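Source file query.cif; content: mmCIF, C-alpha atoms.
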```cif
data_structure
loop_
_atom_site.label_atom_id
_atom_site.label_comp_id
_atom_site.auth_asym_id
_atom_site.auth_seq_id
_atom_site.Cartn_x
_atom_site.Cartn_y
_atom_site.Cartn_z
CA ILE K 200 0.00 0.00 0.00
CA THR K 201 1.50 3.32 -1.06
CA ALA K 202 1.04 6.55 0.86
CA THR K 203 -1.33 7.96 -1.78
CA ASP K 204 -3.49 4.88 -1.19
CA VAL K 205 -4.10 5.85 2.45
CA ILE K 206 -4.66 9.47 1.36
CA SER K 207 -7.32 8.32 -1.10
CA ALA K 208 -9.30 6.22 1.39
CA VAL K 209 -9.05 8.71 4.27
CA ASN K 210 -10.22 11.34 1.77
CA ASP K 211 -13.07 9.29 0.31
CA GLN K 212 -14.32 7.37 3.37
CA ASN K 213 -14.83 10.65 5.28
CA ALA K 214 -17.64 12.29 3.29
CA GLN K 215 -19.95 15.09 4.44
CA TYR K 216 -23.74 14.88 4.69
CA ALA K 217 -26.87 14.53 2.55
CA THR K 218 -30.38 15.37 3.73
CA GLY K 219 -33.89 15.09 2.35
CA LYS K 220 -37.35 14.65 3.81
CA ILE K 221 -40.32 12.35 3.32
CA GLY K 222 -42.94 14.49 1.61
CA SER K 230 -48.64 12.18 4.47
CA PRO K 231 -50.29 13.10 7.80
CA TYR K 232 -46.70 13.62 9.00
CA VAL K 233 -43.39 14.88 7.68
CA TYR K 234 -39.98 13.54 8.70
CA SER K 235 -36.59 14.84 7.55
CA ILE K 236 -34.04 12.09 6.90
CA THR K 237 -30.27 12.62 7.04
CA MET K 238 -27.29 10.54 5.91
CA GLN K 239 -23.97 11.14 7.67
CA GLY K 240 -20.74 10.30 5.88
CA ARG K 241 -18.42 12.14 8.27
CA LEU K 242 -16.41 9.98 10.64
CA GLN K 243 -16.57 11.00 14.28
CA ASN K 244 -13.98 9.24 16.52
CA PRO K 245 -10.39 7.95 16.05
CA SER K 246 -11.58 4.35 16.32
CA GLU K 247 -13.65 4.84 13.16
CA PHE K 248 -10.60 6.07 11.25
CA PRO P 794 -30.09 -0.59 -4.55
CA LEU P 795 -29.64 1.77 -1.64
CA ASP P 796 -31.19 -0.60 0.91
CA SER P 797 -28.47 -3.16 0.17
CA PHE P 798 -26.14 -1.10 2.37
CA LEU P 799 -28.25 1.67 3.96
CA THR P 800 -30.40 0.90 7.00
CA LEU P 801 -33.11 3.29 8.15
CA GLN P 802 -33.00 4.21 11.85
CA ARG P 803 -35.59 6.34 13.63
CA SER P 804 -34.53 9.22 15.86
CA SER P 805 -35.98 12.41 17.36
CA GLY P 806 -34.12 15.70 17.38
CA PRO P 807 -34.26 19.47 17.74
CA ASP P 808 -35.04 21.54 14.67
CA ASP P 809 -32.97 24.55 15.73
CA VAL P 810 -30.61 25.21 18.64
CA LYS P 811 -29.83 28.53 20.30
CA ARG P 812 -26.81 29.84 22.18
CA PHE P 813 -27.13 33.09 24.13
CA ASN P 814 -24.03 34.75 25.60
CA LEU P 815 -21.79 31.73 24.92
CA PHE P 816 -24.16 29.17 26.48
CA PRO P 817 -26.68 26.66 25.12
CA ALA P 818 -30.03 28.15 25.96
CA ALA P 819 -33.77 27.92 25.43
CA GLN P 820 -35.73 30.97 24.31
CA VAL P 821 -38.71 31.84 26.54
CA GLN P 822 -41.43 34.32 25.59
CA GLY P 823 -44.58 35.61 27.23
CA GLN P 824 -46.72 38.61 28.09
CA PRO P 825 -47.96 40.17 31.32
CA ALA P 826 -51.50 39.16 32.15
CA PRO P 827 -54.18 41.75 31.33
CA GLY P 828 -53.95 44.51 33.92
CA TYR P 829 -50.34 43.71 34.89
CA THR P 830 -47.23 45.59 33.82
CA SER P 831 -44.00 44.72 32.04
CA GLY P 832 -42.18 44.94 35.37
CA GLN P 833 -44.70 42.66 37.08
CA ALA P 834 -44.23 40.12 34.27
CA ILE P 835 -40.45 40.37 34.62
CA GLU P 836 -40.66 40.03 38.41
CA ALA P 837 -43.00 37.04 38.05
CA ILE P 838 -40.81 35.22 35.51
CA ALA P 839 -37.70 35.83 37.64
CA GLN P 840 -39.47 34.45 40.71
CA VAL P 841 -40.60 31.38 38.75
CA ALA P 842 -37.09 30.45 37.59
#
```
Represent the structure of the file as structure tokens.
Amino acid sequence: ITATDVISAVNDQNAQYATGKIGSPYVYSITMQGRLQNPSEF
Amino acid sequence: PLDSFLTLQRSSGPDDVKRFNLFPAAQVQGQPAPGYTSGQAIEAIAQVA
């Protein structure tokens, strides 16, 4: 594994966010979290 | 398909969030009762807290 390999994963496997919502008597807003959030997950 | 790898998990959260003077804080509003004054309302609220 070259250095650029690690760069590419750590860059790509730490995305941002993406959020939409469902719309019928209710509405819910659904999120999707790509950001890592603790050293163990890196 | 997205549900091959994405699982849908229910949760309940705040819509907004307010900080006031560097602290997390809830915003509280109200009026004096009819016949009472802005100072009576302020005194009442401050007693209540």
Item checked: Proximal residues of chain K relative to chain P (all atoms listed in the file; 12 Å) as a count of residues only -> 7
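Under the PyMOL selection byres ((chain P and resi 811-821) around 12), the matching residues in the shown file are residues 807, 808, 809, 810, 822, 823, 824, 835, 838, 839 and 842 of chain P.
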Next item on the list: Please measure the separation of CA of residue 202 in chain K and CA of residue 216 in chain K, giving the value in Å to one decimal.
Entry: 26.4 Å
Using only C-alpha atoms, determine which residues lie at most 12 Å from range 207-212 of chain K, disregarding the query and same-chain residues fewer than 5 positions distant; provide the list as a short mmCIF file (atom, residue, chain, number, x, y, z; two decimals) with C-alpha atoms, in the frame of the given file.
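Okay, out-v9.cif is ready:
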```
data_model
loop_
_atom_site.label_atom_id
_atom_site.label_comp_id
_atom_site.auth_asym_id
_atom_site.auth_seq_id
_atom_site.Cartn_x
_atom_site.Cartn_y
_atom_site.Cartn_z
CA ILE K 200 0.00 0.00 0.00
CA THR K 201 1.50 3.32 -1.06
CA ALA K 202 1.04 6.55 0.86
CA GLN K 239 -23.97 11.14 7.67
CA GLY K 240 -20.74 10.30 5.88
CA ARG K 241 -18.42 12.14 8.27
CA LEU K 242 -16.41 9.98 10.64
CA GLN K 243 -16.57 11.00 14.28
CA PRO K 245 -10.39 7.95 16.05
CA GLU K 247 -13.65 4.84 13.16
CA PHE K 248 -10.60 6.07 11.25
#
```
Notebook entry, point to check: Any idea what the distance is between CA of residue 217 in chain K and CA of residue 800 in chain P?
Noted result: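 For CA of residue 217 in chain K relative to CA of residue 800 in chain P, the distance reads 14.8 Å.
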Enclose range 222-248 of chain K, meaning all of its atoms listed in the file, in a box aligned along x, y and z, pad it by 4 Å on each side, and list the centre and edge lengths in Å to one decimal, as lines of an AutoDock Vina configuration file.
```
center_x = -30.3
center_y = 9.6
center_z = 9.1
size_x = 47.9
size_y = 18.5
size_z = 22.9
```
Check: At what distance in Å, to one decimal, does CA of residue 798 in chain P lie from CA of residue 221 in chain K?
Finding: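 Calculated distance between CA of residue 221 in chain K and CA of residue 798 in chain P is 19.6 Å.
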